[PDB]
file run-v1.txt (compact mmCIF, C-alpha atoms and all ligand atoms)
# COMPACT_ATOMS: atom_id res chain seq x y z
CA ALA A 1 -86.57 223.39 -149.09
CA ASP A 2 -87.59 223.99 -145.46
CA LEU A 3 -86.09 221.97 -142.56
CA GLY A 4 -88.94 219.46 -142.79
CA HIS A 5 -88.15 218.56 -146.39
CA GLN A 6 -84.35 218.92 -146.48
CA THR A 7 -82.23 215.78 -146.77
CA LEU A 8 -78.72 215.07 -145.49
CA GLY A 9 -76.13 216.24 -148.06
CA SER A 10 -74.64 213.46 -150.20
CA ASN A 11 -71.17 214.12 -148.72
CA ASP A 12 -72.21 215.04 -145.19
CA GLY A 13 -70.70 212.34 -142.95
CA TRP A 14 -71.41 208.64 -142.40
CA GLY A 15 -75.18 209.31 -142.50
CA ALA A 16 -74.78 209.91 -146.25
CA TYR A 17 -73.45 206.35 -146.87
CA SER A 18 -75.27 204.00 -149.31
CA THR A 19 -79.00 204.86 -149.34
CA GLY A 20 -78.24 208.02 -147.34
CA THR A 21 -80.52 209.92 -144.99
CA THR A 22 -83.61 211.48 -146.55
CA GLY A 23 -85.91 210.88 -143.56
CA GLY A 24 -89.48 211.78 -144.47
CA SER A 25 -88.68 214.34 -147.20
CA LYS A 26 -90.86 212.38 -149.66
CA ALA A 27 -93.94 212.50 -147.38
CA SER A 28 -97.33 212.74 -149.05
CA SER A 29 -99.73 215.40 -147.70
CA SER A 30 -101.57 213.26 -145.12
CA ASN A 31 -98.21 212.24 -143.62
CA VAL A 32 -97.13 215.75 -142.63
CA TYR A 33 -98.01 216.59 -139.02
CA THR A 34 -97.71 219.55 -136.69
CA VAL A 35 -97.59 218.49 -133.05
CA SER A 36 -97.67 220.57 -129.87
CA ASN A 37 -98.20 217.98 -127.11
CA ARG A 38 -97.42 214.35 -126.20
CA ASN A 39 -100.78 213.06 -127.48
CA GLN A 40 -100.24 214.64 -130.90
CA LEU A 41 -96.60 213.49 -131.10
CA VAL A 42 -97.48 209.87 -130.19
CA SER A 43 -100.39 209.85 -132.71
CA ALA A 44 -98.14 211.20 -135.50
CA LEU A 45 -95.35 208.70 -134.84
CA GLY A 46 -97.72 205.74 -134.62
CA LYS A 47 -96.17 202.29 -134.39
CA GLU A 48 -93.16 200.57 -136.05
CA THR A 49 -95.45 199.71 -138.97
CA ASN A 50 -95.78 203.45 -139.72
CA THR A 51 -93.03 203.33 -142.37
CA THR A 52 -94.40 205.82 -144.95
CA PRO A 53 -92.23 208.92 -145.36
CA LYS A 54 -93.51 211.36 -142.73
CA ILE A 55 -92.67 214.87 -141.57
CA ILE A 56 -93.37 216.03 -138.04
CA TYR A 57 -93.12 219.69 -137.06
CA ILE A 58 -92.84 220.32 -133.33
CA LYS A 59 -94.53 223.54 -132.23
CA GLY A 60 -93.45 224.89 -128.84
CA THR A 61 -92.80 222.73 -125.78
CA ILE A 62 -93.72 219.04 -125.61
CA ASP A 63 -93.52 217.74 -122.04
CA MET A 64 -93.39 213.93 -122.13
CA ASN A 65 -94.12 213.41 -118.41
CA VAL A 66 -97.87 213.81 -118.86
CA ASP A 67 -100.96 211.55 -118.74
CA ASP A 68 -103.52 211.09 -121.56
CA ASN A 69 -105.16 214.40 -120.59
CA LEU A 70 -101.77 216.17 -120.61
CA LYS A 71 -101.73 216.47 -116.80
CA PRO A 72 -98.12 216.50 -115.48
CA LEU A 73 -96.90 213.26 -113.87
CA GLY A 74 -94.32 212.96 -111.10
CA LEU A 75 -92.58 210.40 -108.90
CA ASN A 76 -95.74 209.50 -106.93
CA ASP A 77 -97.71 208.93 -110.14
CA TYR A 78 -95.11 206.48 -111.44
CA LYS A 79 -94.21 204.82 -108.13
CA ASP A 80 -94.98 201.11 -107.65
CA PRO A 81 -97.05 200.71 -104.43
CA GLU A 82 -94.08 198.82 -102.89
CA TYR A 83 -91.38 201.40 -103.78
CA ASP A 84 -90.09 203.87 -101.19
CA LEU A 85 -86.91 205.93 -101.58
CA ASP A 86 -86.10 205.83 -97.83
CA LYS A 87 -86.46 202.04 -97.79
CA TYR A 88 -84.51 201.65 -101.06
CA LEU A 89 -81.65 203.69 -99.56
CA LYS A 90 -81.74 201.70 -96.29
CA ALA A 91 -81.88 198.34 -98.12
CA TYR A 92 -78.81 198.96 -100.28
CA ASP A 93 -76.57 201.13 -98.10
CA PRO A 94 -73.00 199.78 -98.64
CA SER A 95 -72.61 199.87 -94.83
CA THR A 96 -75.20 197.10 -94.32
CA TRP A 97 -75.76 195.62 -97.80
CA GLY A 98 -72.12 195.51 -98.88
CA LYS A 99 -71.15 195.51 -102.55
CA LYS A 100 -73.49 192.79 -103.82
CA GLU A 101 -76.04 193.71 -106.51
CA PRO A 102 -79.26 195.26 -105.13
CA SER A 103 -81.97 192.57 -105.18
CA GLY A 104 -85.17 191.83 -103.29
CA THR A 105 -88.26 193.91 -102.60
CA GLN A 106 -87.09 197.53 -103.01
CA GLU A 107 -85.04 196.93 -106.18
CA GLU A 108 -87.88 194.92 -107.77
CA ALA A 109 -90.29 197.73 -106.82
CA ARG A 110 -87.87 200.35 -108.25
CA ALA A 111 -87.59 198.39 -111.52
CA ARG A 112 -91.39 198.27 -111.84
CA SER A 113 -91.59 202.01 -111.06
CA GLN A 114 -88.98 202.72 -113.77
CA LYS A 115 -91.04 200.79 -116.38
CA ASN A 116 -94.11 202.88 -115.41
CA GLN A 117 -92.25 206.09 -116.33
CA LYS A 118 -90.65 204.56 -119.44
CA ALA A 119 -94.17 203.94 -120.78
CA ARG A 120 -94.76 207.71 -120.88
CA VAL A 121 -91.32 209.22 -121.64
CA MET A 122 -89.84 206.82 -124.17
CA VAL A 123 -91.06 206.95 -127.73
CA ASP A 124 -89.87 204.94 -130.76
CA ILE A 125 -89.22 206.77 -134.06
CA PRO A 126 -90.37 204.73 -137.09
CA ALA A 127 -88.54 204.41 -140.42
CA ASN A 128 -88.50 207.30 -142.92
CA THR A 129 -89.21 210.14 -140.51
CA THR A 130 -88.18 213.77 -140.29
CA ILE A 131 -88.88 215.49 -136.97
CA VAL A 132 -88.04 219.20 -136.90
CA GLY A 133 -88.66 222.15 -134.61
CA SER A 134 -90.76 224.97 -136.00
CA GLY A 135 -89.27 228.34 -135.11
CA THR A 136 -86.64 228.95 -132.47
CA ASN A 137 -88.44 227.55 -129.41
CA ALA A 138 -89.33 223.91 -130.20
CA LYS A 139 -88.63 221.74 -127.14
CA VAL A 140 -88.90 218.13 -126.01
CA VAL A 141 -88.93 218.01 -122.21
CA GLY A 142 -88.32 214.79 -120.26
CA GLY A 143 -88.50 212.79 -123.49
CA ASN A 144 -86.37 209.90 -124.77
CA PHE A 145 -86.56 209.46 -128.55
CA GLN A 146 -85.46 205.94 -129.45
CA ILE A 147 -84.37 205.14 -133.00
CA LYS A 148 -84.21 201.44 -133.89
CA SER A 149 -85.25 202.07 -137.49
CA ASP A 150 -83.64 203.30 -140.71
CA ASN A 151 -83.72 206.78 -142.25
CA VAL A 152 -84.50 209.37 -139.59
CA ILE A 153 -83.78 213.12 -139.43
CA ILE A 154 -84.01 215.13 -136.18
CA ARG A 155 -83.37 218.89 -136.37
CA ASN A 156 -83.84 222.27 -134.65
CA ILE A 157 -85.18 220.93 -131.35
CA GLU A 158 -84.06 221.66 -127.81
CA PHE A 159 -84.03 218.42 -125.81
CA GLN A 160 -84.14 219.06 -122.08
CA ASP A 161 -83.89 216.97 -118.98
CA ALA A 162 -84.46 213.31 -119.87
CA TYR A 163 -85.13 212.63 -116.20
CA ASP A 164 -85.45 209.27 -114.43
CA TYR A 165 -87.41 209.32 -111.15
CA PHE A 166 -85.91 205.94 -110.20
CA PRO A 167 -82.09 205.83 -110.46
CA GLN A 168 -80.62 202.41 -109.73
CA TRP A 169 -77.73 201.96 -107.30
CA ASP A 170 -74.75 199.94 -108.50
CA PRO A 171 -72.19 199.42 -105.71
CA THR A 172 -69.62 197.96 -108.12
CA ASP A 173 -69.91 200.62 -110.85
CA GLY A 174 -66.47 202.08 -110.17
CA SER A 175 -64.49 201.85 -106.92
CA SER A 176 -67.17 203.59 -104.80
CA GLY A 177 -70.24 202.69 -106.89
CA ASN A 178 -72.54 204.88 -108.97
CA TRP A 179 -76.18 205.65 -109.55
CA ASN A 180 -77.39 204.92 -113.09
CA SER A 181 -80.51 206.12 -114.90
CA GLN A 182 -82.22 205.03 -118.10
CA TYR A 183 -83.28 207.96 -120.29
CA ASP A 184 -81.24 209.65 -123.01
CA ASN A 185 -82.52 212.59 -125.03
CA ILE A 186 -81.96 210.38 -128.09
CA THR A 187 -81.11 206.68 -128.01
CA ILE A 188 -79.96 205.10 -131.27
CA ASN A 189 -80.61 201.39 -130.62
CA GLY A 190 -79.48 199.66 -133.81
CA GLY A 191 -80.81 202.64 -135.81
CA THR A 192 -79.21 203.40 -139.19
CA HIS A 193 -79.01 206.38 -141.59
CA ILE A 194 -79.69 209.09 -139.04
CA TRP A 195 -79.05 212.84 -139.09
CA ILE A 196 -79.17 214.75 -135.83
CA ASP A 197 -78.56 218.40 -136.73
CA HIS A 198 -78.90 221.83 -135.08
CA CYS A 199 -80.39 220.39 -131.90
CA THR A 200 -79.67 221.47 -128.35
CA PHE A 201 -79.21 218.98 -125.52
CA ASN A 202 -79.19 219.98 -121.85
CA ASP A 203 -80.46 219.07 -118.38
CA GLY A 204 -83.15 221.79 -118.41
CA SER A 205 -84.41 223.05 -115.05
CA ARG A 206 -82.98 220.10 -113.14
CA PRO A 207 -79.21 220.04 -113.64
CA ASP A 208 -77.11 217.56 -111.63
CA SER A 209 -76.28 220.41 -109.19
CA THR A 210 -79.86 220.06 -107.89
CA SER A 211 -79.54 216.36 -107.00
CA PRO A 212 -78.19 215.23 -103.62
CA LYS A 213 -75.45 212.66 -103.10
CA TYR A 214 -76.45 209.30 -101.65
CA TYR A 215 -73.72 206.98 -100.43
CA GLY A 216 -71.34 209.84 -101.39
CA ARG A 217 -72.35 209.53 -105.04
CA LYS A 218 -74.47 211.88 -107.15
CA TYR A 219 -78.10 210.70 -107.30
CA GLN A 220 -77.94 210.72 -111.08
CA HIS A 221 -81.33 211.23 -112.78
CA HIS A 222 -79.92 211.54 -116.29
CA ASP A 223 -78.19 209.30 -118.74
CA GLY A 224 -76.95 210.17 -122.23
CA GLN A 225 -77.66 212.96 -124.67
CA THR A 226 -77.08 211.14 -127.94
CA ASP A 227 -76.16 207.49 -127.32
CA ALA A 228 -75.65 204.85 -130.02
CA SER A 229 -75.84 201.09 -129.40
CA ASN A 230 -76.36 197.59 -130.78
CA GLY A 231 -75.03 197.92 -134.32
CA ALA A 232 -76.15 201.52 -134.86
CA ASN A 233 -74.58 202.64 -138.14
CA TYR A 234 -74.33 205.47 -140.71
CA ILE A 235 -75.05 208.49 -138.56
CA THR A 236 -74.21 212.17 -138.85
CA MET A 237 -74.55 214.49 -135.87
CA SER A 238 -73.79 218.08 -136.84
CA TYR A 239 -74.14 221.59 -135.41
CA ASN A 240 -75.65 220.40 -132.12
CA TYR A 241 -75.19 222.26 -128.84
CA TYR A 242 -74.55 219.90 -125.92
CA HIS A 243 -74.36 221.73 -122.59
CA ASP A 244 -74.63 221.32 -118.83
CA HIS A 245 -74.70 217.52 -118.71
CA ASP A 246 -72.58 214.62 -117.42
CA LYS A 247 -72.35 211.68 -119.87
CA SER A 248 -72.96 213.03 -123.38
CA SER A 249 -72.43 210.47 -126.12
CA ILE A 250 -71.64 206.81 -125.59
CA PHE A 251 -71.19 204.96 -128.89
CA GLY A 252 -71.04 201.21 -128.27
CA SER A 253 -72.48 200.18 -124.92
CA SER A 254 -70.36 197.09 -124.10
CA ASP A 255 -66.88 195.59 -124.56
CA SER A 256 -68.65 192.21 -125.03
CA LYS A 257 -70.67 193.51 -127.98
CA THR A 258 -68.09 192.52 -130.59
CA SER A 259 -70.85 192.61 -133.24
CA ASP A 260 -70.45 196.43 -133.04
CA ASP A 261 -67.11 195.95 -134.83
CA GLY A 262 -67.39 197.34 -138.37
CA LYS A 263 -70.44 199.33 -137.24
CA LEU A 264 -71.02 202.54 -135.19
CA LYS A 265 -69.92 204.52 -138.25
CA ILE A 266 -70.70 208.01 -136.98
CA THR A 267 -69.64 211.51 -138.02
CA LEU A 268 -69.60 214.28 -135.42
CA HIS A 269 -68.95 217.77 -136.79
CA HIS A 270 -69.44 221.40 -135.74
CA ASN A 271 -70.89 220.35 -132.38
CA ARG A 272 -70.44 222.42 -129.24
CA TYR A 273 -69.83 220.75 -125.89
CA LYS A 274 -70.02 223.27 -123.05
CA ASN A 275 -69.82 222.14 -119.41
CA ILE A 276 -70.00 218.49 -120.43
CA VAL A 277 -68.27 216.14 -118.02
CA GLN A 278 -67.38 213.16 -120.23
CA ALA A 279 -67.98 210.91 -123.26
CA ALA A 280 -67.90 213.49 -126.05
CA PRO A 281 -67.83 210.87 -127.55
CA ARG A 282 -66.86 207.66 -125.75
CA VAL A 283 -66.29 205.07 -128.48
CA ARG A 284 -66.05 201.29 -128.61
CA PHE A 285 -65.27 199.58 -131.96
CA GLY A 286 -66.56 202.28 -134.32
CA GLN A 287 -64.98 204.26 -137.14
CA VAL A 288 -65.97 207.67 -135.79
CA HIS A 289 -65.01 210.87 -137.64
CA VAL A 290 -64.80 213.78 -135.18
CA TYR A 291 -64.07 217.15 -136.84
CA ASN A 292 -64.48 220.92 -136.25
CA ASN A 293 -66.04 220.39 -132.80
CA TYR A 294 -65.56 222.90 -130.00
CA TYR A 295 -65.17 221.79 -126.39
CA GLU A 296 -65.26 224.24 -123.48
CA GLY A 297 -65.37 223.68 -119.74
CA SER A 298 -63.54 223.71 -116.44
CA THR A 299 -61.97 220.94 -114.39
CA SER A 300 -62.83 222.93 -111.24
CA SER A 301 -66.52 223.51 -112.10
CA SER A 302 -68.85 222.74 -109.21
CA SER A 303 -71.76 221.72 -111.45
CA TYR A 304 -70.32 219.87 -114.47
CA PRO A 305 -66.52 219.56 -114.20
CA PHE A 306 -64.62 218.50 -117.34
CA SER A 307 -63.19 214.98 -117.08
CA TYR A 308 -62.36 214.13 -120.71
CA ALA A 309 -63.45 214.86 -124.30
CA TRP A 310 -62.78 211.67 -126.31
CA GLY A 311 -63.14 208.19 -124.86
CA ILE A 312 -60.73 205.77 -126.54
CA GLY A 313 -62.63 202.61 -125.66
CA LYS A 314 -62.16 199.01 -126.75
CA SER A 315 -61.12 198.74 -130.42
CA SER A 316 -62.24 202.34 -131.14
CA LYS A 317 -61.17 203.96 -134.41
CA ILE A 318 -61.60 207.70 -133.84
CA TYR A 319 -60.43 209.94 -136.68
CA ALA A 320 -60.18 213.47 -135.29
CA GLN A 321 -59.49 216.63 -137.35
CA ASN A 322 -59.24 220.30 -136.36
CA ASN A 323 -61.11 220.11 -133.05
CA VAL A 324 -60.66 222.87 -130.49
CA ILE A 325 -60.63 222.25 -126.74
CA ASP A 326 -60.74 225.14 -124.24
CA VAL A 327 -60.21 223.82 -120.71
CA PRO A 328 -57.81 225.91 -118.55
CA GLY A 329 -54.88 223.97 -117.05
CA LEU A 330 -55.66 220.76 -118.94
CA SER A 331 -52.69 218.78 -120.27
CA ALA A 332 -52.54 217.45 -123.84
CA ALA A 333 -52.76 213.89 -122.48
CA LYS A 334 -55.86 214.57 -120.38
CA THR A 335 -58.00 215.72 -123.34
CA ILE A 336 -58.84 212.02 -123.75
CA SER A 337 -59.43 208.93 -121.63
CA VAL A 338 -57.99 205.59 -122.78
CA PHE A 339 -59.81 202.43 -121.74
CA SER A 340 -58.56 198.84 -121.97
CA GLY A 341 -58.64 197.62 -125.56
CA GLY A 342 -58.16 201.18 -126.87
CA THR A 343 -54.78 201.52 -128.63
CA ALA A 344 -55.23 203.94 -131.55
CA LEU A 345 -56.32 207.49 -132.32
CA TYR A 346 -55.82 209.64 -135.40
CA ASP A 347 -55.89 213.33 -134.47
CA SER A 348 -54.62 216.30 -136.48
CA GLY A 349 -54.96 220.04 -135.85
CA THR A 350 -56.14 219.58 -132.25
CA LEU A 351 -55.96 222.93 -130.47
CA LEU A 352 -55.80 222.90 -126.69
CA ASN A 353 -56.04 226.35 -125.09
CA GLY A 354 -54.79 227.94 -128.33
CA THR A 355 -51.82 225.57 -128.71
CA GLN A 356 -51.50 222.85 -131.36
CA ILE A 357 -51.25 219.43 -129.63
CA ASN A 358 -51.04 215.72 -130.51
CA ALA A 359 -53.54 213.95 -128.19
CA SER A 360 -52.69 210.53 -129.65
CA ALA A 361 -48.90 210.84 -129.19
CA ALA A 362 -49.41 212.35 -125.72
CA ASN A 363 -51.11 209.07 -124.77
CA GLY A 364 -48.72 206.64 -126.51
CA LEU A 365 -51.48 205.57 -128.88
CA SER A 366 -50.95 204.42 -132.48
CA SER A 367 -51.59 207.23 -134.99
CA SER A 368 -53.35 204.96 -137.52
CA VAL A 369 -56.98 203.86 -137.09
CA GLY A 370 -57.02 201.96 -140.41
CA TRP A 371 -59.36 204.30 -142.30
CA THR A 372 -59.74 207.79 -143.71
CA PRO A 373 -63.20 209.43 -143.99
CA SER A 374 -64.33 210.11 -147.57
CA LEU A 375 -67.76 211.50 -146.67
CA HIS A 376 -67.32 215.01 -145.24
CA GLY A 377 -68.00 218.63 -146.19
CA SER A 378 -65.45 221.47 -145.96
CA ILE A 379 -63.00 221.30 -143.06
CA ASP A 380 -62.57 224.56 -141.14
CA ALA A 381 -59.11 225.64 -140.08
CA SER A 382 -58.86 225.01 -136.32
CA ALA A 383 -58.39 228.79 -136.00
CA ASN A 384 -62.04 229.30 -137.01
CA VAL A 385 -63.76 226.40 -135.21
CA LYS A 386 -64.57 228.24 -131.96
CA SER A 387 -66.30 231.19 -133.72
CA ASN A 388 -68.06 229.02 -136.30
CA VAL A 389 -69.39 226.55 -133.70
CA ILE A 390 -70.51 229.10 -131.06
CA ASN A 391 -72.26 231.13 -133.80
CA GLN A 392 -73.90 228.19 -135.59
CA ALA A 393 -74.44 225.16 -133.31
CA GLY A 394 -77.75 224.39 -131.64
CA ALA A 395 -81.51 224.76 -131.93
CA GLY A 396 -82.91 228.16 -132.94
CA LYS A 397 -79.88 229.10 -135.08
CA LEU A 398 -82.07 228.20 -138.02
CA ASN A 399 -85.88 228.10 -137.86
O1 LIG B 1 -75.72 202.91 -123.58
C1 LIG B 1 -75.66 203.17 -122.36
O2 LIG B 1 -76.23 204.15 -121.84
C2 LIG B 1 -74.86 202.26 -121.48
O3 LIG B 1 -74.73 202.90 -120.20
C3 LIG B 1 -73.97 202.16 -119.23
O4 LIG B 1 -72.60 202.25 -119.64
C4 LIG B 1 -71.75 203.40 -119.78
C5 LIG B 1 -70.38 202.87 -120.16
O5 LIG B 1 -70.49 202.12 -121.36
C6 LIG B 1 -69.85 201.98 -119.03
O6 LIG B 1 -68.49 201.60 -119.28
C7 LIG B 1 -69.90 202.71 -117.69
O7 LIG B 1 -68.99 203.82 -117.57
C8 LIG B 1 -67.97 203.94 -116.57
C9 LIG B 1 -68.56 204.51 -115.26
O8 LIG B 1 -69.76 203.83 -114.87
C10 LIG B 1 -68.89 205.99 -115.38
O9 LIG B 1 -69.17 206.47 -114.07
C11 LIG B 1 -67.70 206.76 -115.94
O10 LIG B 1 -66.64 206.70 -114.98
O11 LIG B 1 -67.30 206.19 -117.19
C12 LIG B 1 -66.86 204.82 -117.15
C13 LIG B 1 -66.58 204.39 -118.56
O12 LIG B 1 -66.63 205.25 -119.48
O13 LIG B 1 -66.34 203.19 -118.79
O14 LIG B 1 -71.20 203.27 -117.44
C14 LIG B 1 -71.62 204.19 -118.46
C15 LIG B 1 -72.85 204.97 -118.06
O15 LIG B 1 -73.13 205.08 -116.85
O16 LIG B 1 -73.55 205.49 -118.96
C16 LIG B 1 -74.60 200.81 -118.95
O17 LIG B 1 -73.75 200.11 -118.04
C17 LIG B 1 -74.74 200.07 -120.29
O18 LIG B 1 -75.34 198.80 -120.08
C18 LIG B 1 -75.54 200.90 -121.29
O19 LIG B 1 -76.89 201.12 -120.83
CA CA B 2 -72.27 203.78 -115.12
CA CA B 3 -75.85 205.02 -119.71
CA CA B 4 -78.18 205.63 -122.76
call {"tool": "encode", "arguments": {"input": "run-v1.txt", "output": "structure tokens", "more": "lines below"}}
Ligand SMILES: O=C(O)[C@H]1O[C@H](O[C@@H]2[C@H](O)[C@@H](O)[C@@H](O[C@@H]3[C@H](O)[C@@H](O)[C@@H](O)O[C@@H]3C(=O)O)O[C@@H]2C(=O)O)[C@H](O)[C@@H](O)[C@H]1O
Ligand SMILES: [Ca+2]
Ligand SMILES: [Ca+2]
Ligand SMILES: [Ca+2]
result
Amino acid sequence: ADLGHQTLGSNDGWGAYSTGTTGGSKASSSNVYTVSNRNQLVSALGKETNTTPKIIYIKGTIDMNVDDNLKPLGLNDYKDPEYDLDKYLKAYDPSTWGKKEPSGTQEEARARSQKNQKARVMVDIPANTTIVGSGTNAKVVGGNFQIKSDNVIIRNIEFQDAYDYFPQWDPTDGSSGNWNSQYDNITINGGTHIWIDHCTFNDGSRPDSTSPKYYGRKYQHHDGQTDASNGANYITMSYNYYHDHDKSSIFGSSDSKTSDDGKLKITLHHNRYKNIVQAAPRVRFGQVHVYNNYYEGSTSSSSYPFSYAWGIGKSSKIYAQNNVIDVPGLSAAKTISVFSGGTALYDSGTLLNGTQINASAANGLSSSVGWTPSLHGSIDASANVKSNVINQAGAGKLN
């Protein structure tokens, strides 16, 4: 079968659980689309009621920041009449505003502006849908696919630059504050039975090295690459190439969201993370199988410096096997970041700079996460992960 009609293998990660992930493989003839612009993509997807099995082939580049006539849209097109970046910056400067939450005219105008862009860039994927790239050059630019539904396959697409014209300032996000933006390449918001395979995720033409710092903090226009939230469950992400991006994959969006416990069952395998800063993945609560992934970067990089690979967040249950991390000078301990509530990590065969390490022991974590994955394909020897992943991960490696 071609990529449009292929289903997730019956053993291929958490996505294969129960009813499995078949996406739109069973689509009848009038439910197979080929789309080459935003108008065509939106028409094909339809609304949440569009639950028939459907296949969507993406041909070439789909820019999501466009109007109904496909004319490109920018900051000034989206901007609320009351919003002004200079006045936003002056309103909320820590020096005069302090550390209280931005409120009042400029923040309300920014929030309205942000909703104006969201209306164009964010698109919901309905149940029983396969979206695949035709050829080696299928691209989604500026777009945020949201999956709240069940049974969705996304393959062979390069997602670039999910860009927010209206980052919000948070003075109490960390000790010196942070700017936060809204758009991921893919947001799994309570979505279930999902396969993301052979995709590429990057910051396109506008990497973070092109944004200034305001209040000493990067004016961050991006958010996640593949995020999973609000009871998202039964997901396989395989052979994807994540590169040149800050916060990659946050699974579980809140320590308060205790309903995520027993959910966020996600398998990550054969993914490449090159020049990714953090959250690869960052996990709260979930039983996440992480195997045969390759991580490569530099702590001294001026564009996207490596901070950590795995985020051991509150009640996380990461099961890691034969992953390979190549970050010069990095200690075994610093491969991961442990957050409050995170006490356990299973990792075997972890290679750091060619040397076998124990990331869990190096961080005083428990070695048991209370589960062992039964749904997985063949496990590569760590010795072969770098070659296999570089050669195979990402869009355009199949077509
Ligand atoms: O699903 C989301 O995108 C999620 O994003 C925010 O949260 C994440 C993370 O869950 C938060 O803990 C927070 O991260 C911390 C710092 O802000 C960040 O600079 C870095 O140091 O990591 C910290 C951490 O891992 O805890 O912010 C994250 C982010 O900016 O994406 C939203 O707060 C959350 O509501 C949700 O949208
Ligand atoms: Ca943040
Ligand atoms: Ca975020
Ligand atoms: Ca997000």
call {"tool": "residues_near_ligand", "arguments": {"input": "run-v1.txt", "ligand": "ligand LIG 1 (chain B)", "cutoff": "10 Å", "atoms": "all atoms listed in the file", "output": "ChimeraX atom specification"}}
result
/A:170,172-184,187-189,220,222-230,246-255,277-279,281-284,307-308,311-314,337-340
call {"tool": "residues_around", "arguments": {"input": "run-v1.txt", "residues": "range 131-139 of chain A", "least_positions_apart": "6", "cutoff": "8 Å", "atoms": "all atoms listed in the file", "output": "PyMOL selection string"}}
result
chain A and resi 3-4+55-62+152-160+395-399
call {"tool": "residues_around", "arguments": {"input": "run-v1.txt", "residues": "range 351-366 of chain A", "least_positions_apart": "2", "cutoff": "9 Å", "atoms": "all atoms listed in the file", "output": "PDB file with C-alpha atoms, in the coordinates of the input"}}
result
ATOM      1  CA  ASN A 322     -59.240 220.300-136.360  1.00  0.00           C
ATOM      2  CA  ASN A 323     -61.110 220.110-133.050  1.00  0.00           C
ATOM      3  CA  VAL A 324     -60.660 222.870-130.490  1.00  0.00           C
ATOM      4  CA  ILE A 325     -60.630 222.250-126.740  1.00  0.00           C
ATOM      5  CA  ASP A 326     -60.740 225.140-124.240  1.00  0.00           C
ATOM      6  CA  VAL A 327     -60.210 223.820-120.710  1.00  0.00           C
ATOM      7  CA  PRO A 328     -57.810 225.910-118.550  1.00  0.00           C
ATOM      8  CA  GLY A 329     -54.880 223.970-117.050  1.00  0.00           C
ATOM      9  CA  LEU A 330     -55.660 220.760-118.940  1.00  0.00           C
ATOM     10  CA  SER A 331     -52.690 218.780-120.270  1.00  0.00           C
ATOM     11  CA  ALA A 332     -52.540 217.450-123.840  1.00  0.00           C
ATOM     12  CA  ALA A 333     -52.760 213.890-122.480  1.00  0.00           C
ATOM     13  CA  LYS A 334     -55.860 214.570-120.380  1.00  0.00           C
ATOM     14  CA  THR A 335     -58.000 215.720-123.340  1.00  0.00           C
ATOM     15  CA  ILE A 336     -58.840 212.020-123.750  1.00  0.00           C
ATOM     16  CA  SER A 337     -59.430 208.930-121.630  1.00  0.00           C
ATOM     17  CA  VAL A 338     -57.990 205.590-122.780  1.00  0.00           C
ATOM     18  CA  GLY A 342     -58.160 201.180-126.870  1.00  0.00           C
ATOM     19  CA  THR A 343     -54.780 201.520-128.630  1.00  0.00           C
ATOM     20  CA  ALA A 344     -55.230 203.940-131.550  1.00  0.00           C
ATOM     21  CA  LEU A 345     -56.320 207.490-132.320  1.00  0.00           C
ATOM     22  CA  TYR A 346     -55.820 209.640-135.400  1.00  0.00           C
ATOM     23  CA  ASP A 347     -55.890 213.330-134.470  1.00  0.00           C
ATOM     24  CA  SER A 348     -54.620 216.300-136.480  1.00  0.00           C
ATOM     25  CA  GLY A 349     -54.960 220.040-135.850  1.00  0.00           C
ATOM     26  CA  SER A 368     -53.350 204.960-137.520  1.00  0.00           C
ATOM     27  CA  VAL A 369     -56.980 203.860-137.090  1.00  0.00           C
ATOM     28  CA  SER A 382     -58.860 225.010-136.320  1.00  0.00           C
ATOM     29  CA  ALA A 383     -58.390 228.790-136.000  1.00  0.00           C
TER      30      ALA A 383
END
call {"tool": "residues_around", "arguments": {"input": "run-v1.txt", "residues": "residue 267 in chain A", "least_positions_apart": "6", "cutoff": "9 Å", "atoms": "all atoms listed in the file", "output": "tab-separated table (two decimals) with C-alpha atoms, in the coordinates of the input"}}
result
chain	number	residue	atom	x	y	z
A	12	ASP	CA	-72.21	215.04	-145.19
A	13	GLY	CA	-70.70	212.34	-142.95
A	14	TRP	CA	-71.41	208.64	-142.40
A	15	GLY	CA	-75.18	209.31	-142.50
A	234	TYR	CA	-74.33	205.47	-140.71
A	235	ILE	CA	-75.05	208.49	-138.56
A	236	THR	CA	-74.21	212.17	-138.85
A	237	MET	CA	-74.55	214.49	-135.87
A	238	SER	CA	-73.79	218.08	-136.84
A	287	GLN	CA	-64.98	204.26	-137.14
A	288	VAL	CA	-65.97	207.67	-135.79
A	289	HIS	CA	-65.01	210.87	-137.64
A	290	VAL	CA	-64.80	213.78	-135.18
A	291	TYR	CA	-64.07	217.15	-136.84
A	375	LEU	CA	-67.76	211.50	-146.67
A	376	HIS	CA	-67.32	215.01	-145.24
call {"tool": "closest_residue", "arguments": {"input": "run-v1.txt", "among": "A:386, A:196, A:169, A:245", "to": "ligand CA 2 (chain B)", "atoms": "only C-alpha atoms and all ligand atoms"}}
result
A:169
call {"tool": "atom_distance", "arguments": {"input": "run-v1.txt", "atom1": "CA of residue 191 in chain A", "atom2": "CA of residue 151 in chain A"}}
result
8.2 Å
call {"tool": "closest_residue", "arguments": {"input": "run-v1.txt", "among": "A:304, A:195, A:214, A:145", "to": "ligand CA 4 (chain B)", "atoms": "all atoms listed in the file"}}
result
A:145
call {"tool": "atom_distance", "arguments": {"input": "run-v1.txt", "atom1": "CA of residue 193 in chain A", "atom2": "CA of residue 384 in chain A"}}
result
28.9 Å
call {"tool": "closest_residue", "arguments": {"input": "run-v1.txt", "among": "A:166, A:295, A:232, A:242", "to": "residue 264 in chain A", "atoms": "only C-alpha atoms"}}
result
A:232
